[PDB]
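Chemist: Okay, here's the structure, questions in a sec.
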Amino acid sequence: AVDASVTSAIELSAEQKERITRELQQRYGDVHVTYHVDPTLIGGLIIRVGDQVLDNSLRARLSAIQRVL
Amino acid sequence: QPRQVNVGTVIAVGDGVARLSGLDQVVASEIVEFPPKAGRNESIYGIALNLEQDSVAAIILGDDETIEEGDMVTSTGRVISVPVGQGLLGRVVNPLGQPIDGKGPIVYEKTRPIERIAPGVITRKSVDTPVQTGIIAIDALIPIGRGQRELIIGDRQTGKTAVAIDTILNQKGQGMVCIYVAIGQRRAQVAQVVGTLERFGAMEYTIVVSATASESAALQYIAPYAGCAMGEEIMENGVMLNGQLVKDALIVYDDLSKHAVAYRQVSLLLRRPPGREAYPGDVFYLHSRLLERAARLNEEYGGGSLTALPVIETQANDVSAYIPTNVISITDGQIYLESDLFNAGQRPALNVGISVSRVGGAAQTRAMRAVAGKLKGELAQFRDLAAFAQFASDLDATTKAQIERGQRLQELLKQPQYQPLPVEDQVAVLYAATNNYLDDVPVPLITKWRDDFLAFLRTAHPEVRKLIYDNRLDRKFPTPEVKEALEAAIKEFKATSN
Amino acid sequence: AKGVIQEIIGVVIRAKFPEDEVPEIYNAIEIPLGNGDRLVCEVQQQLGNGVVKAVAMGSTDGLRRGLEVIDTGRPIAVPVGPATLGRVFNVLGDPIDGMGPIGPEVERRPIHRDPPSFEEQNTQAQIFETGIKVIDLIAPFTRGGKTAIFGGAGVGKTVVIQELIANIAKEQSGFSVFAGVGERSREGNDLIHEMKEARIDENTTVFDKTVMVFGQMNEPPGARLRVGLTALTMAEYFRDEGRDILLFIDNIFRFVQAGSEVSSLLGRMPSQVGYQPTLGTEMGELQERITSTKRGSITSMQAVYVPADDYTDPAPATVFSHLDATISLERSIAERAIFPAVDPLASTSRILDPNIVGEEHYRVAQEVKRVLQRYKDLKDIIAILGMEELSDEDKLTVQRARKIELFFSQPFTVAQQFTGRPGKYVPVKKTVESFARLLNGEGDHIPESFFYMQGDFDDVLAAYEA
Amino acid sequence: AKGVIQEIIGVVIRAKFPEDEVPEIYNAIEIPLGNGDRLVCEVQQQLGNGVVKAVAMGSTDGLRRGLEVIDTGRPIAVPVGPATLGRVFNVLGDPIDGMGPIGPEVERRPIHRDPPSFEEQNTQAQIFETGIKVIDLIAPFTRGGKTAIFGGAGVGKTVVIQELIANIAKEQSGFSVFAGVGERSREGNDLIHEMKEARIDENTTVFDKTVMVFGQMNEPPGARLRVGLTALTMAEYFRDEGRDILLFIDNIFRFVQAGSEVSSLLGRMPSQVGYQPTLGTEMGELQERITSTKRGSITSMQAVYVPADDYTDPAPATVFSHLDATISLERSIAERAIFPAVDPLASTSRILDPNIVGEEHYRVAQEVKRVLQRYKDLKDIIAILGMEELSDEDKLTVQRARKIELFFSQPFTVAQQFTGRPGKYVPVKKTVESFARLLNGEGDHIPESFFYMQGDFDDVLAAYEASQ
Amino acid sequence: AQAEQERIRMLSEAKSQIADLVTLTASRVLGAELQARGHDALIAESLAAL
Ligand SMILES: Nc1ncnc2c1ncn2[C@@H]1O[C@H](COP(=O)(O)OP(=O)(O)OP(=O)(O)O)[C@@H](O)[C@H]1O
Ligand SMILES: Nc1ncnc2c1ncn2[C@@H]1O[C@H](COP(=O)(O)OP(=O)(O)O)[C@@H](O)[C@H]1O
Ligand SMILES: Nc1ncnc2c1ncn2[C@@H]1O[C@H](COP(=O)(O)OP(=O)(O)O)[C@@H](O)[C@H]1O
Ligand SMILES: [Mg+2]
Ligand SMILES: [Mg+2]
């Protein structure tokens, strides 16, 4: 509900950062977003709000390597 | 397929214990992931034991030095589980099942979960088939049957690991899949065990599950439950060994005292209330959970079995300590190894006077049952007559006769290392000893007499060995066909030699 | 009457309820799982505002910190009736045999009940017919009184209890309740079921006439602690109906250990050597419901595992405080194949007095003890002296004592597995007659090994003449 | 970086850091301390709100709360390489000898490294000749295998270690590393410097082939707690490049004791006798790095102090499973002036197997233990009643056992000050021959007084003949 | 038997090697794929997708 976090490989999304900040009001209200780079992460989908997360950019790849191995 | 996964933040990480803050809807023994971050390319799993309010203290299965405050953790819904199947035979693995021998990935298709309820109440069956340990003392006086829990308890260095490894080695063609779980054992010692098993070709039916001393207390805590899961799957589904479907498993817990110490460490770091000797309250519960899973399923449930051989070291032979008494109460038998007997030449070093096998005769071949009663009685009488042997000189040849015969039998049990004897061998030797055919042999030469008689029996007459082995299961073992051609061989050896 | 789980630390669960609907002290909690299976947790402490600390009595490997909890209002209710007869239960009264569940029409009773009042105590004490010669003679078995089989390992405690159940179910018309307190699954499950489904009445089986409650060693400490009270409730139902009942508790030592574990897990301060503070009262709550009421009597036979030879250990000490008769098993006797390995000496009973058992019983039972105390001081002399005959009449006394010692052994019907001998039952009148005749002199002129495994002195004579 | 001290509990310093710049678990944080010299603390536990708990590893008795703490961001890194040979180091790797500091170009390695994997373990083992009769016969040392000498206070652990160094540290075929943790700064070092600089293998002293880290008892708990790891980091570099390393760690028990003190200050719940709950884990972390791997071999030779004469104490109890050859020193034997003081019955070895050490060696050792056992069994019988009530063969075995007890005594080159006799180097073959002859019956006529402080059996025979 | 066991172990080693190398080269492929044409709203669309 609060203390949001959105990490992606390519940072500096400019307005998109602000668009994310205003659109994360979907659940409850105000959030405090913090952005990270994490260069080893190939693609950015990590969004955390409260005690939930969603990410399938490194983790689609992780599911792939679990499938093959 | 992106999906929401509940997460929490690490708020306090200490000596292998991490407090995870908000992990609502987390189950009481989940695997928490600690996903990779900068400076760590892997994931360090952990077990969420303490589900406290506004805090989940989880023990870490690995090095915690990479886990930092504020790090993220994902509550994977899966309970702790290990890979299990045919592919593990002859592979050294950690409790998580990842191979550590560097021979390649473990090939598997099923992953049984560790921490399973015992097989059942009415699903078991009376232990009848023997586990031929290959040691005369164990196989004759403290027999071990398939599905029995037999503790190997002793001092710091008496032969507990040696006894267990000899047991494992003797199951060459006996349709048994041994499992050796090393808990808190130094890595080079597990390497020595693996080298010994590979030298005798015993690594083609053995699984080694090692959690060594440096590995975190969490890994050692789950060390016996892993491997126990492998034995459970072997007894329930079976694995193909030598072209035959083997549904019998033997699991050796290298040292349950070290397992209890690891559980004490992880309990005290979680600030759980102590107990006797600073052990947690549910340590008997831990070991009973572990050891009640070893059973002998009835024919309705597969007919398989899982034999457990817990090992415990006692400080100064203090049997009355907490963990030794717990596992003595749990197990269906005890094998007491003493340093006083070990140094005195009794190389197996078993204390037959106190060692007990509650399965008793039911875990023996009918030949062993028919032959070993006189042995046990005579040894008990000799043990009763102790002082008289050693400096009373005014005894008749009634006390002294028992002293002599008991010394004969005790010297008979002295056996070297890595030289197991099949069932027919022990039957023949004990038949010779208990039918007065060995009386004239002097005391110090009895080990050589036994060895020479066996060599004569391998070479001079293999037909008598085959004859003994074929009809070791009949109710009246000393059949006239067997009594003849066995007494005849004994007489031939007596006349030819000495 | 619904709360939520707050903390889960091992097998101890802390649950918060509404302020006005807090469960009572020993109420059930009944955490519901997915498939209709549930987790009954017993409350142990009411603390704070609506918070209750409860012991799991189950795995607690599948629980979250928000699961609803369904307070039952009453303690752990257990089936009691004719329908609980011939079945196998766990601590919670749920059947663990393969048969179907107990129907709702069967009465359920709370596991915790007050013992009979001091007025209801029946002071009239009479011997309970056992069947085993050494037990019937040396340590007579009271009706409605507690007896304990003491000993270490491979001593025969469980097998002796098994024989007692089989004999008193067959020859008497006696029901029995078995309390598997900390029960080994190998021993308790498929050696008690198997050898009581083999012990057979006429068109009826001994298993069908007995109740079995197994709190196995794999279950948490709470289950092992309260399985004894479950079995007590089962037996107390039949006692209330007027039937004489024979309760059996296997290794009350493990009951004490379970109590110690529960107390340690609950945060109570340790007492003596780490044991629970509520040791004596925990044992009393169990041992005082076993007594002879005017209407009926629960006769009990407890097994006690003494570590090493330490009788100062808390479990044997508390039992001894709560006992009427004591039976001591020795490994030395057992290793000589005297398989009912009771030690005649160091096996006492308060019933063994002239008034209760009888003048002849007391005389013939006190002679054997003396005769045998003489042999303990002369077995060893004949060992050292190398001279059996250097004895004016102590050579006769030694022979008679050896015959007596061999005579105490008896083939058990439940031991047909071990030795393959039919089980012989010996009434107490036959026991006193046999030992009186042996002491008279009839036992002479018969060599040893004819007294080895025989029921009566008549059986010994029949074996001799043949 | 740039934290502040919150609390100062003994040598455990609690420091608060910025929320996003907290140190890792084993980073080394520094208090400036003024005067141009710093106090290096090692983090142990990350508490809440950037709060960490660090072990001082120094005096920490003149520093206030709120003092600045600087996070180095890396664990305690110590120099490694040939530059460390012939030098003497602190727990921190700072040299404490008169020579100059180690230059920046020398590689620095963390002291907290993972031990070798299971695949890297070296199972090969062969006898290591020491020249000491009781050690070479009853518990033969392994080349590349861990061994430890257990003993109380007065018994001769350090003298055994010193004689061992004087015996085997000349023919090294490699380098060596010494680690006197929590040991006396008198004998533990600065008296071993004298002998290590006095010994000259070949134009170079034994000291010139030795790395040396002390962390003596005078030091606070942190130094004694991490000096073992510093020494192991020094030795591991040489092991990894193939050089055979001799590792002498002194009183591993003070490592465990310093761990216990630090744990008590850290707020952990005590385990057993006031010991840290993480006793086994710390012990394993130290000892699994003491291993001979495939790349190279470490011939470790430890010493262990048992509280008083207690052998069931948790520290030696955890040590016993971490060894290939165990040696037990008894107070009673030392009080009898049988100063090597090794108890043959309580001393064992893994390579006491006829395939490795030889069939005759194994037979003689096992017979010398059987005979020793017989005497321990008859000890009380002899004590109260007397020697005459035993049978003839029991009497003979008792006399032979007493002769064997006296014969394990051996003068040492380093112990020449106590016993005036010069030191004797007895090869293992001569030890086996001597004890085989003693058991065979030879030397029965000799009084037991002539087996005291002698070399091989030939010296005993010569002494008897000189006495006629 | 041991020769065949080592043969299948080598096969498993090779399968693991090729499976891991597939991903290790796909890392370069996807990194360069996102390097040049990294201006895709699909990412942001996935962020808002939930
Ligand atoms: N017949 C024998 N049986 C057992 N051990 C023997 C025998 N003969 C020699 N030994 C030696 O005795 C020692 C037995 O110890 P082992 O390695 O089996 O472990 P342990 O006594 O259980 O103790 P730990 O593993 O804690 O050191 C080994 O040195 C073994 O080589
Ligand atoms: N007739 C008998 N009565 C009792 N025990 C017997 C008898 N015959 C053999 N035994 C031995 O007793 C064992 C059972 O011991 P048990 O009484 O179950 O446990 P405990 O050691 O606690 O008394 C059997 O497996 C066997 O070894
Ligand atoms: N070979 C020996 N000859 C004579 N005395 C010895 C010998 N070895 C040890 N000692 C005695 O042991 C004492 C030193 O013991 P030490 O090695 O310092 O043990 P610790 O280090 O445990 O104190 C000396 O006083 C000395 O008398
Ligand atoms: Mg071992
Ligand atoms: Mg029992």
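Ligands are numbered from 1 in the order shown, residues from 1 within each chain, and chains are lettered A, B, ... in the order they appear in the structure tokens.
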Extract, using only C-alpha atoms, all DNA, RNA and protein residues at most 8 Å from residue 34 (chain B), discarding same-chain residues fewer than 2 positions from it, and format them as a list in words.

Modeler: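 Non-adjacent residues within range: residues 32, 36, 43, 44, 45, 46, 67, 71, 72, 73 and 74 of chain B.
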
Chemist: What does the file look like for those residues with N, CA, C and O atoms, as a tab-separated table (two decimals), in the first residue's frame?

Modeler:
chain	number	residue	atom	x	y	z
B	32	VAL	N	12.41	-19.83	1.91
B	32	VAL	CA	12.46	-18.41	1.55
B	32	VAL	C	13.71	-18.20	0.71
B	32	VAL	O	14.76	-18.77	1.01
B	36	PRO	N	18.85	-13.33	-6.02
B	36	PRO	CA	20.19	-12.77	-6.25
B	36	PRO	C	20.17	-11.26	-6.29
B	36	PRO	O	19.16	-10.63	-6.65
B	43	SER	N	21.07	-17.81	-5.30
B	43	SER	CA	20.02	-17.59	-4.31
B	43	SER	C	20.32	-18.43	-3.08
B	43	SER	O	20.60	-19.63	-3.20
B	44	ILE	N	20.28	-17.80	-1.92
B	44	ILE	CA	20.55	-18.47	-0.65
B	44	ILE	C	19.21	-18.76	0.01
B	44	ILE	O	18.52	-17.85	0.47
B	45	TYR	N	18.84	-20.04	0.06
B	45	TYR	CA	17.56	-20.41	0.63
B	45	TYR	C	17.62	-20.38	2.16
B	45	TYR	O	18.69	-20.31	2.77
B	46	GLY	N	16.44	-20.42	2.77
B	46	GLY	CA	16.34	-20.46	4.21
B	46	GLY	C	15.02	-21.07	4.63
B	46	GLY	O	14.04	-21.06	3.88
B	67	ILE	N	24.04	-12.16	2.88
B	67	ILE	CA	22.71	-11.61	3.16
B	67	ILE	C	22.86	-10.35	3.99
B	67	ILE	O	23.53	-10.34	5.03
B	71	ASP	N	17.58	-6.59	2.54
B	71	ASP	CA	17.47	-7.43	1.36
B	71	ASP	C	16.07	-8.00	1.23
B	71	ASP	O	15.33	-8.09	2.22
B	72	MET	N	15.71	-8.38	0.02
B	72	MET	CA	14.38	-8.88	-0.28
B	72	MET	C	14.36	-10.40	-0.23
B	72	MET	O	15.34	-11.06	-0.57
B	73	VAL	N	13.23	-10.95	0.21
B	73	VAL	CA	13.03	-12.39	0.24
B	73	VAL	C	11.65	-12.70	-0.32
B	73	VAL	O	10.68	-12.00	-0.03
B	74	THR	N	11.58	-13.75	-1.13
B	74	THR	CA	10.33	-14.20	-1.73
B	74	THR	C	9.93	-15.52	-1.09
B	74	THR	O	10.74	-16.45	-1.02

Chemist: Do me a favour and pick out the residues of chain A within 9 Å of chain E, using only C-alpha atoms, as a VMD selection string.

Modeler: chain A and resid 6 10 16 20 23 to 24 42 to 47 54 to 55 61 64 to 65 68 to 69

Chemist: Take the residues from that selection and write them out as a JSON list (two decimals), in the first residue's frame, keeping N, CA, C and O atoms.

Modeler:
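File out06.json, as written:
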[["chain", "number", "residue", "atom", "x", "y", "z"],
["A", 6, "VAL", "N", 10.31, 0.29, -7.88],
["A", 6, "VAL", "CA", 10.30, -0.14, -9.28],
["A", 6, "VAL", "C", 11.73, -0.09, -9.80],
["A", 6, "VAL", "O", 12.29, 1.00, -9.98],
["A", 10, "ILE", "N", 17.14, -0.25, -17.66],
["A", 10, "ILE", "CA", 17.30, 1.10, -18.26],
["A", 10, "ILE", "C", 16.56, 2.12, -17.39],
["A", 10, "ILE", "O", 15.32, 2.19, -17.47],
["A", 16, "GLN", "N", 7.74, 8.77, -17.75],
["A", 16, "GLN", "CA", 7.26, 7.41, -17.40],
["A", 16, "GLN", "C", 7.41, 7.22, -15.89],
["A", 16, "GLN", "O", 6.46, 6.70, -15.27],
["A", 20, "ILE", "N", 4.40, 6.26, -13.74],
["A", 20, "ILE", "CA", 4.35, 5.15, -12.80],
["A", 20, "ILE", "C", 3.93, 5.65, -11.42],
["A", 20, "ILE", "O", 3.10, 5.02, -10.75],
["A", 23, "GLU", "N", 0.20, 6.43, -11.51],
["A", 23, "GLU", "CA", -0.65, 5.28, -11.79],
["A", 23, "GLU", "C", -0.57, 4.20, -10.72],
["A", 23, "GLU", "O", -1.44, 3.33, -10.68],
["A", 24, "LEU", "N", 0.44, 4.24, -9.86],
["A", 24, "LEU", "CA", 0.52, 3.31, -8.73],
["A", 24, "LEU", "C", -0.47, 3.65, -7.62],
["A", 24, "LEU", "O", -0.50, 2.95, -6.61],
["A", 42, "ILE", "N", 18.55, -7.99, -17.03],
["A", 42, "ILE", "CA", 18.45, -7.70, -18.46],
["A", 42, "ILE", "C", 17.21, -6.86, -18.77],
["A", 42, "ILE", "O", 17.27, -5.96, -19.62],
["A", 43, "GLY", "N", 16.09, -7.12, -18.11],
["A", 43, "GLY", "CA", 14.85, -6.42, -18.39],
["A", 43, "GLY", "C", 14.11, -6.10, -17.11],
["A", 43, "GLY", "O", 14.17, -6.86, -16.14],
["A", 44, "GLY", "N", 13.42, -4.97, -17.12],
["A", 44, "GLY", "CA", 12.81, -4.41, -15.93],
["A", 44, "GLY", "C", 11.32, -4.69, -15.88],
["A", 44, "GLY", "O", 10.56, -4.21, -16.73],
["A", 45, "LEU", "N", 10.91, -5.47, -14.88],
["A", 45, "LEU", "CA", 9.50, -5.64, -14.56],
["A", 45, "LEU", "C", 9.24, -5.61, -13.06],
["A", 45, "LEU", "O", 8.07, -5.65, -12.66],
["A", 46, "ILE", "N", 10.27, -5.50, -12.23],
["A", 46, "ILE", "CA", 10.10, -5.55, -10.78],
["A", 46, "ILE", "C", 9.31, -4.33, -10.33],
["A", 46, "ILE", "O", 9.77, -3.19, -10.49],
["A", 47, "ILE", "N", 8.12, -4.56, -9.78],
["A", 47, "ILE", "CA", 7.37, -3.55, -9.06],
["A", 47, "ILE", "C", 6.95, -4.15, -7.73],
["A", 47, "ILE", "O", 6.39, -5.25, -7.68],
["A", 54, "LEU", "N", 6.12, -8.30, -8.48],
["A", 54, "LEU", "CA", 5.85, -8.87, -9.79],
["A", 54, "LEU", "C", 7.04, -8.63, -10.69],
["A", 54, "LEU", "O", 7.45, -7.49, -10.89],
["A", 55, "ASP", "N", 7.60, -9.71, -11.24],
["A", 55, "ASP", "CA", 8.75, -9.60, -12.13],
["A", 55, "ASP", "C", 8.87, -10.87, -12.95],
["A", 55, "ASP", "O", 8.94, -11.97, -12.39],
["A", 61, "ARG", "N", 13.22, -15.79, -18.02],
["A", 61, "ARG", "CA", 14.49, -16.45, -18.39],
["A", 61, "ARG", "C", 14.83, -17.50, -17.32],
["A", 61, "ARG", "O", 15.31, -18.59, -17.70],
["A", 64, "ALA", "N", 12.84, -20.44, -17.93],
["A", 64, "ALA", "CA", 13.39, -21.15, -19.08],
["A", 64, "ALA", "C", 14.57, -22.04, -18.68],
["A", 64, "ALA", "O", 14.60, -23.22, -19.05],
["A", 65, "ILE", "N", 15.53, -21.50, -17.93],
["A", 65, "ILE", "CA", 16.67, -22.33, -17.53],
["A", 65, "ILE", "C", 16.24, -23.46, -16.60],
["A", 65, "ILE", "O", 16.81, -24.56, -16.69],
["A", 68, "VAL", "N", 14.88, -26.15, -19.15],
["A", 68, "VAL", "CA", 15.87, -26.90, -19.92],
["A", 68, "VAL", "C", 16.68, -27.81, -19.01],
["A", 68, "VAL", "O", 16.87, -28.99, -19.32],
["A", 69, "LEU", "N", 17.16, -27.30, -17.88],
["A", 69, "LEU", "CA", 17.98, -28.10, -16.98],
["A", 69, "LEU", "C", 17.14, -29.18, -16.31],
["A", 69, "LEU", "O", 16.08, -28.90, -15.75]]

Chemist: Run DSSP on the backbone and grab whatever in chain A lands in alpha helix (DSSP H); send it over as number ranges by chain.

Modeler: A: 15-23, 58-68

Chemist: Which chain C residues have any atom within 10 Å of an atom of ligand 5, and for each, what is the nearest pair of atoms with distance in Å to one decimal, counting only C-alpha atoms and all ligand atoms, rows sorted by chain and number, as a Markdown table?

Modeler:
| residue | atom | partner | partner_atom_place_in_ligand_line | distance |
| --- | --- | --- | --- | --- |
| C:152 | CA | ligand 5 | 1 (Mg) | 9.5 |
| C:153 | CA | ligand 5 | 1 (Mg) | 7.9 |
| C:154 | CA | ligand 5 | 1 (Mg) | 8.4 |
| C:155 | CA | ligand 5 | 1 (Mg) | 8.8 |
| C:156 | CA | ligand 5 | 1 (Mg) | 7.5 |
| C:157 | CA | ligand 5 | 1 (Mg) | 5.8 |
| C:158 | CA | ligand 5 | 1 (Mg) | 4.2 |
| C:159 | CA | ligand 5 | 1 (Mg) | 7.5 |
| C:160 | CA | ligand 5 | 1 (Mg) | 9.4 |
| C:161 | CA | ligand 5 | 1 (Mg) | 9.0 |
| C:162 | CA | ligand 5 | 1 (Mg) | 10.0 |
| C:180 | CA | ligand 5 | 1 (Mg) | 9.6 |
| C:182 | CA | ligand 5 | 1 (Mg) | 9.9 |
| C:183 | CA | ligand 5 | 1 (Mg) | 8.1 |
| C:184 | CA | ligand 5 | 1 (Mg) | 7.8 |
| C:187 | CA | ligand 5 | 1 (Mg) | 7.0 |
| C:188 | CA | ligand 5 | 1 (Mg) | 8.2 |
| C:250 | CA | ligand 5 | 1 (Mg) | 6.7 |
| C:251 | CA | ligand 5 | 1 (Mg) | 6.8 |
| C:303 | CA | ligand 5 | 1 (Mg) | 7.7 |
| C:304 | CA | ligand 5 | 1 (Mg) | 8.9 |
| C:305 | CA | ligand 5 | 1 (Mg) | 8.1 |

Chemist: Could you jot down the CA of residue 256 (chain B) to CA of residue 161 (chain B) separation for me, Å, one decimal place?

Modeler: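 CA of residue 161 (chain B) lies at a distance of 12.2 Å from CA of residue 256 (chain B).
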
Chemist: Within 10 Å of residue 435 (chain C), counting only C-alpha atoms, which residues show up once you throw out same-chain ones fewer than 3 positions away? Write them as an MDAnalysis selection string, please.

Modeler: chainID C and resid 133 137 361 364:365 367:368 404 407:408 430:432 438:440 442:443 456:457

Chemist: Taking N, CA and C atoms for each residue, export the selection above as an mmCIF file, in the first residue's frame.

Modeler:
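Just written: result.cif:
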data_model
loop_
_atom_site.group_PDB
_atom_site.id
_atom_site.type_symbol
_atom_site.label_atom_id
_atom_site.label_comp_id
_atom_site.auth_asym_id
_atom_site.auth_seq_id
_atom_site.Cartn_x
_atom_site.Cartn_y
_atom_site.Cartn_z
ATOM 1 N N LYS C 133 3.173 -67.183 37.242
ATOM 2 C CA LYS C 133 3.490 -67.726 38.559
ATOM 3 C C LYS C 133 4.262 -66.725 39.408
ATOM 4 N N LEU C 137 2.707 -65.012 42.776
ATOM 5 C CA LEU C 137 3.257 -65.476 44.043
ATOM 6 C C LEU C 137 4.065 -64.404 44.761
ATOM 7 N N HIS C 361 -0.749 -68.743 51.225
ATOM 8 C CA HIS C 361 -0.077 -67.950 50.201
ATOM 9 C C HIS C 361 1.088 -67.175 50.797
ATOM 10 N N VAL C 364 3.983 -69.754 51.816
ATOM 11 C CA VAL C 364 4.682 -70.343 50.683
ATOM 12 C C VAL C 364 5.397 -69.293 49.848
ATOM 13 N N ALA C 365 4.931 -68.042 49.858
ATOM 14 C CA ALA C 365 5.600 -66.970 49.143
ATOM 15 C C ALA C 365 6.768 -66.380 49.914
ATOM 16 N N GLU C 367 8.609 -68.310 52.111
ATOM 17 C CA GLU C 367 9.639 -69.342 52.091
ATOM 18 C C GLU C 367 10.528 -69.186 50.865
ATOM 19 N N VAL C 368 9.909 -69.157 49.680
ATOM 20 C CA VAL C 368 10.706 -69.087 48.417
ATOM 21 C C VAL C 368 11.714 -67.936 48.516
ATOM 22 N N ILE C 404 13.443 -73.874 41.929
ATOM 23 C CA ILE C 404 12.467 -72.796 42.044
ATOM 24 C C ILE C 404 12.736 -71.721 40.999
ATOM 25 N N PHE C 407 11.710 -72.657 37.818
ATOM 26 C CA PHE C 407 10.268 -72.861 37.769
ATOM 27 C C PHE C 407 9.499 -71.571 37.520
ATOM 28 N N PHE C 408 10.041 -70.414 37.915
ATOM 29 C CA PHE C 408 9.328 -69.160 37.701
ATOM 30 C C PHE C 408 9.094 -68.864 36.227
ATOM 31 N N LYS C 430 -3.206 -72.780 41.974
ATOM 32 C CA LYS C 430 -2.249 -73.734 41.433
ATOM 33 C C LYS C 430 -0.816 -73.297 41.694
ATOM 34 N N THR C 431 -0.533 -71.994 41.637
ATOM 35 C CA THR C 431 0.826 -71.527 41.900
ATOM 36 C C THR C 431 1.241 -71.822 43.336
ATOM 37 N N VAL C 432 0.389 -71.463 44.301
ATOM 38 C CA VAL C 432 0.738 -71.711 45.694
ATOM 39 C C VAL C 432 0.811 -73.206 45.966
ATOM 40 N N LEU C 438 6.633 -78.152 45.980
ATOM 41 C CA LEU C 438 8.066 -78.124 45.712
ATOM 42 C C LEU C 438 8.861 -77.972 47.003
ATOM 43 N N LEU C 439 8.439 -77.063 47.881
ATOM 44 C CA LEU C 439 9.127 -76.872 49.152
ATOM 45 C C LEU C 439 8.953 -78.058 50.090
ATOM 46 N N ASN C 440 7.857 -78.806 49.959
ATOM 47 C CA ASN C 440 7.651 -79.977 50.802
ATOM 48 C C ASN C 440 8.731 -81.024 50.565
ATOM 49 N N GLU C 442 8.569 -82.855 47.156
ATOM 50 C CA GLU C 442 8.228 -83.502 45.896
ATOM 51 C C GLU C 442 9.095 -83.009 44.747
ATOM 52 N N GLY C 443 9.599 -81.777 44.825
ATOM 53 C CA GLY C 443 10.465 -81.262 43.780
ATOM 54 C C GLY C 443 11.775 -82.006 43.652
ATOM 55 N N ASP C 456 2.357 -75.931 35.761
ATOM 56 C CA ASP C 456 2.133 -76.412 37.115
ATOM 57 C C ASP C 456 3.234 -77.381 37.524
ATOM 58 N N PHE C 457 3.246 -77.720 38.814
ATOM 59 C CA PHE C 457 4.065 -78.843 39.251
ATOM 60 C C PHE C 457 3.538 -80.148 38.676
#

Chemist: Using only C-alpha atoms and all ligand atoms, find each residue of chain D with at least one atom at most 6 Å away from an atom of ligand 1; report its shortest atom-to-atom pair and that distance in Å (one decimal), sort the rows by chain and rising residue number, and return the result as a tab-separated table.

Modeler:
residue	atom	partner	partner_atom_place_in_ligand_line	distance
D:321	CA	ligand 1	26 (O)	5.3
D:349	CA	ligand 1	29 (O)	5.8
D:350	CA	ligand 1	29 (O)	4.4

Chemist: How would the residues just picked look written out with N, CA and C atoms as a PDB file, in the first residue's frame?

Modeler:
ATOM      1  N   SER D 321      36.674 -34.725  16.796  1.00  0.00           N
ATOM      2  CA  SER D 321      36.163 -35.215  15.523  1.00  0.00           C
ATOM      3  C   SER D 321      36.817 -34.545  14.321  1.00  0.00           C
ATOM      4  N   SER D 349      45.101 -43.029  16.060  1.00  0.00           N
ATOM      5  CA  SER D 349      45.413 -42.433  14.773  1.00  0.00           C
ATOM      6  C   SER D 349      44.695 -43.203  13.680  1.00  0.00           C
ATOM      7  N   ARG D 350      44.393 -42.495  12.594  1.00  0.00           N
ATOM      8  CA  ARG D 350      43.684 -43.108  11.481  1.00  0.00           C
ATOM      9  C   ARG D 350      44.589 -44.011  10.655  1.00  0.00           C
TER      10      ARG D 350
END

Chemist: Grab me every residue within 12 Å of ligand 4, counting only C-alpha atoms and all ligand atoms, and send it over as JSON, numbers by chain.

Modeler: {"B": [152, 153, 154, 155, 156, 157, 158, 159, 160, 161, 162, 163, 164, 165, 180, 181, 182, 183, 184, 185, 186, 187, 188, 189, 190, 192, 193, 252, 253, 254, 255, 256, 257, 258, 310, 311, 312, 313], "D": [320, 321, 322, 323, 324, 350]}
